[PDB]
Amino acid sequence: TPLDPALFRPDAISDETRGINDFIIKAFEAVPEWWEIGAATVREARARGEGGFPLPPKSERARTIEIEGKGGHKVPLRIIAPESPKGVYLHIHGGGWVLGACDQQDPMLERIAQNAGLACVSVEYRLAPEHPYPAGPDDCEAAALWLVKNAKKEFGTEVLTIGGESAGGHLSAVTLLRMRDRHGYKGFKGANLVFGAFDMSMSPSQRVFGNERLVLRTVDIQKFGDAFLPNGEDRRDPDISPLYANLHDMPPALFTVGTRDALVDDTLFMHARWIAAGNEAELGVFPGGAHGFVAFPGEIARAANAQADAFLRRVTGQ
């Protein structure tokens, strides 16, 4: 069982992981906070490669299309695809519903296209605080509906998967439930849910992680959530917190999390409810992993990304 308590004890963490985490904490002791200087200001700087983590290099083979969003705006979709796709991976980026972009993780999309043979489609959904809930989910639902309708003609295949990191793992679960409830679609083959947020009312580990700046502090969660949900929304509503939804008829899922993530309980709890609803689920727990650990160098990141590639192969008939 992936729920081995030894994985959660200090001696399970490698010296490599400890060192990576220490550098990350010390690096961001001065990175200004977006709620102090402005979300758009932080966004523009990050897109230029200023501040924050390194900006991953973009792929030359990426192409962009636009689809119609609810209310008449355009929702861009970024496509990185092999010659003869074996399926599609609908990817939703993270960033607390406030930051990030569809073009800030091309190496990961290239990895999945190469190692699982999938056409990758990453969604440029609207961001808070400018566009709070339900704008983000509305755009991800529009992308999933577009893919259900157009995947065969665009990619030659109707084998679909979904996934994303942190807020993107949240939005992946919200989208799966909306496709089932609003459209009667239950045909996704798998969900790659990478340290997702599933309880917007704050699970136990979120509340006590504290404010040591290992990627995601308790205060970060609070500020992101307030930007996404500024209007007195019920934070246990199932469209806001998928942990509270009825999870019947969901696809097989892979849940990935590190043991030093404020969102550890979100993954463990969502994994439990996914199984309790009769769905297949795989769990990968990585000792010492920070929130966001899959983007860093080192062994636990490599192993977690390899587990994701193997899962995506398995659910797409490979």
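For every residue, the number given is its place in the sequence shown, counted from 1.
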| item | value |
| --- | --- |
| Per the entry, higher mean C-alpha B factor between 68-76 and 128-136 | 68-76 |
| Stretch with the higher entry mean CA B-factor, where the candidates are 178-186 and 227-235 | 227-235 |
| Most elevated Cα B-factor in the entry, residues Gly284, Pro56, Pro252, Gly292 | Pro56 |
| Identity of residue with top Cα B-factor, from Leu263, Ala45, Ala276, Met270 | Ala45 |
| CA B-factor ranking of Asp103, expressed as a third of its chain | middle |
| Third of the chain's Cα B-factor distribution that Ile162 belongs to, per the entry | lowest |
| Assigned third (lowest, middle, highest) for the C-alpha B factor of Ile13 | highest |
| Modelled-residue ranking by C-alpha temperature factor, third containing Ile300 | middle |
| CA B-factor placement of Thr259, once the chain's modelled residues are sorted into thirds | middle |
